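A lone chain, given as structure tokens: the form deposited in one PDB entry.
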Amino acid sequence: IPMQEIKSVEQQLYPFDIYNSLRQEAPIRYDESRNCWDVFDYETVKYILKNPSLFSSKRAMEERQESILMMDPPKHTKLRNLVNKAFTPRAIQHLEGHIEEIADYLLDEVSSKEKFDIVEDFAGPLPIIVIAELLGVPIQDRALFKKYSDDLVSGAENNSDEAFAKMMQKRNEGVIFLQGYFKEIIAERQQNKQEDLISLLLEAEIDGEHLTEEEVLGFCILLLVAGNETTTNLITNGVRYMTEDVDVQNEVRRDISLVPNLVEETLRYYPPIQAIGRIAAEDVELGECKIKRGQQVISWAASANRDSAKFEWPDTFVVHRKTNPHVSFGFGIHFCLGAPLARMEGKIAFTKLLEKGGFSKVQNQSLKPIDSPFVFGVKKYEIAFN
């Protein structure tokens, strides 16, 4: 359910001027229609995230509990600490070759094609293949794995009651499949360990505590939910920017060391996740606004990422920033566990693309935004190499 200031399709595809205006009028505002507080300014987004005691990640138990994302300390702290070791930049760095092999593979499958969808053909599959490798999905089981991960976040045929129904069947059908499949794999690895993440998670120990199989199960479902579409949107949003501003593409193709800046600046400018939800746990005054216990507090990273108070040239895509303290991965204790992996898949994806040569956006597409108003990315983006 989107905010009323976002009217057309073209605004969903570039709402940043809208959010910027809103940030100037009211850094905090209550939207009666959506029954929530929106926060647009960086300093107050940072503060919300940095104070889990005031602003909670907990959710109504009717909605699913996506593992650590929807926990508060002290529980969140214990579980994160058990899954942490596997996601640091050093821990995953060794995957660079495999991720390179995959991106090479995916681009080789579209060589004689004169145009292709970066989503379906490249950016969508890369995270699925990688997290499959990482988790320990055998290669021979990827097809169904990919299929229901795809199904997990599928769009709709229309925004009706009929197609929203159909989609939610499909999504939920995938969560069920994936819960069954992992439950099967967790169990497999529970009694015979393999050289993979699921096994590594089962063996973790901190203060004598282990994760339960159900915690590993839920964490594995989270990695797909949290890790696939967002990374896919990173690669696609980046390819989108690099075809909207070709000089940026060509600058980075010539100084390939700029790709890490390209990735952070894509995250800042075209953030795959544009908003973070919290439920207020106490009454708290933000500026002059009186936020009450129980109220929903949406912090907009896409607005925050462009705050004149924190970022120079906030509406200009710059690959030479000295710091890029966006909140596209959040901030604080819930800071994306997958940022090193997303940053590496992002880096490799952009590199292989640039090394293949110039590429351009294909003429006369109807760019279709992702349905959620918390997500920023497109369902399809056709490009062509020259």
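Under this definition, the rigid core comprises the largest set of C-alpha atoms superposing within 1.5 Å between the forms. In case it trips you up, residue 1 is the first one in the sequence shown, and so on.
The form deposited in another entry is left out here; the points below concern that form.
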Looking at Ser111, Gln93, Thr316, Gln169 between this form and the one not shown with the core superposed, the single C-alpha displaced by 2 Å or more is at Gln169
Once the core is aligned, please say if the CA of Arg64 is shifted by at least 2 angstroms between this form and the one not shown.
yes
Superposing on the rigid core, do we see a C-alpha displacement of 2 Å or more at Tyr181 between this form and the one not shown?
yes
### Message
If the two forms are fitted on the core, does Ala156 show a Cα displacement reaching 2 angstroms between this form and the one not shown?
### Response
yes
One pair moves by 3 angstroms or more in the other form: the C-alpha atoms of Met168 and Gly124, which are farther
The CA atoms of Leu152 and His98 move 3 Å or more in the other form, ending up farther
